[PDB]
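The chain below stands alone and is given as structure tokens, in the form deposited in one PDB entry.
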């Protein structure tokens, strides 16, 4: 039954499912094999460390920009089956759901609990029950009993601690496993108890509160796209052919000359040859058209947009500055940037192309660019969602009008907490209009 399967998930607290729903997370129930689902060679590992081909298993959390939890409809009276579904849901929270997937495993509460489990005693003989219950094979071979876990060990072995979180989650919510968690790993039972009783709601309420002040899609494309297309549909339907053509052209070969023109003259009696004059006049007509287009479009809400950049963001004098070496962000160099640039401004003479989602493209994001600009655009700024008209699909472009001034507000170092960071830290710089 699909209901029997639905009922099973609906047992999980509302707050966990709201957190997933907020990032466009979706839950699918299916009578077909998982690999025949439209959302989806691969192998999975169950809560007890058994490997199965994906096509043979009955539950899978698909991660990434559009998270999905795919569940094969089974009876689910069996607790051995039910617990795997809560386990994958646990992974979808700790791995795929902001803010837990960036912040929770580095939390003191998680690290305190996990250490307390790695230190249980039966001079008392060492007790391995907690380890046996919750830690995977590769973790136990890399972490011995009584060995201290720190932020560093967690960051190098992320999927191993995601599993420990997910399995704690699963044993806690599955009623016939809860008592074994309590008995054999009390510190981690208590950790999950506090999340279930208040802290999931506390995290969820803080997310709803932030959503009241500012619209931020992060790296989640499902909700971003729908909002871009619908909120700028009317504007786009009122573009002329010329306006639409030059918007498209700006995402292609017409970009460099327009940007060079605007940067050169910041937004006499000699004459120019025929060809240089014709080319200059075409460019001017392009700018007239982009200007006219974007003047018709006002952003209706405070909105966050994103832009990946190199150290050349901060001028020619930051050429070979090497902010990042071997994926570690240089803490001393970031303090020099903060000192020189925080609360300072710059004028953006060209239009400002940004992304409605953080890092929509892997070749043009974290491994190539050590700086993310997180840019707050207040309501009333002129700009528009142009992704549909781009020559480079999949980029979720928000085109902001030229000639605004931007301020540097905050400089934060970000640890690799997602497989999609590729192991490399980065500097996040907040800017505002």
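Positions refer to the first chain, counted from 1. Basically, rigid core = biggest C-alpha set you can superpose within 1.5 Å across the two forms.
Per the record, residue 40 and residue 41 are separated by a gap of 4 to 9 residues from the deposited sequence that were not modelled. In terms of unmodelled positions of the deposited sequence, the chain runs continuously from residue 332 to residue 333 in this entry. The PDB entry reports B-factors from which the mean C-alpha value can be compared for 288 to 296 and 164 to 172; the larger average falls on 288 to 296. Set 173 to 181 against 311 to 319 and average the Cα temperature factors; 311 to 319 ends up higher. Of the candidates 96, 245, 237, 266, it is 266 whose Cα B-factor is highest according to the PDB record. Taking the PDB entry at face value, the top CA B factor among 50, 382, 32, 62 belongs to 32. The PDB entry assigns residue 367 a C-alpha temperature factor belonging to the highest third of its chain's modelled residues. In the deposited entry, the Cα temperature factor of residue 231 sits in the middle third of values across the chain's modelled residues. Among the modelled residues of its chain, residue 390 has a C-alpha B-factor that falls in the middle third according to the deposited record.
Sort the modelled residues of the chain by CA B factor and residue 257 lands in the highest third. The entry lists a Cα temperature factor for residue 130 that places it in the lowest third of the chain's modelled residues.
Below, we refer to the form deposited in another entry, which is not included among the displayed structures.
After superposition on the rigid core, the single residue among 211, 300, 325, 253 whose C-alpha moves by 2 Å or more between this form and the one not shown is 325. Residue 52 shows a C-alpha shift below 2 Å between this form and the one not shown [criterion: core-superposed Cα displacement of 2 Å].
Core-superposed comparison between this form and the one not shown: the Cα of residue 344 travels 2 Å or more.
In this overlay on the rigid core, residue 180 has a C-alpha that sits less than 2 Å away from its partner position between this form and the one not shown. Note: the CA-CA distance for residue 254 and residue 362 contracts in the other form relative to this form, by 3 angstroms or more. A decrease of at least 3 Å in the separation of the C-alpha atoms of residue 255 and residue 362 is found in the other form, compared with the displayed form.
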